[PDB]
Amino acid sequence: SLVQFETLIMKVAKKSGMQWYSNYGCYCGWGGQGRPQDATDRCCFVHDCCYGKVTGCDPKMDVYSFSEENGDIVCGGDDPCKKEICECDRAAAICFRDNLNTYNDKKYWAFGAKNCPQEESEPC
């Protein structure tokens, strides 16, 4: 579920997803259009694509299970569809953490639709 995604971001990236990634660039936030603007934005682009390929369950409301071992987030459970949702969130959390070096809210927060033309929308 989205609440779990927020939890993974805080656990892995040690940042609030709501405060730092809810309206950044063209893809960080609900939906998206245009080109991913930077590393962080592409992390979100990939996450949107990941959710878009999940079939059989709901990435927004379904709850998945995970544990922490060998210094990582391990997605588990007996439901393969829910594990897939967890993997999407896990990958995005790690991506945000690994690209904090270039995070730039001053340039990319509330970027604007004009800057994210539908004609430049990169396909998954």
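Start at 1 with the first residue shown and count on from there.
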Inset, instruction - Can you let me know which of the two, 115-123 or 4-12, has the higher average C-alpha B-factor in the entry? - result: 115-123
Legend entry - Given 33-41 and 49-57, the range whose Cα B-factors average higher in the PDB entry: 49-57
Legend entry - From 28, 73, 81, 93, residue of greatest CA B-factor: 73
Inset, instruction - Could you say whether, by C-alpha temperature factor, residue 19 belongs to the lowest, middle or highest third of its chain? - result: highest
Legend entry - Chain thirds of CA B-factor: placement of residue 98: middle
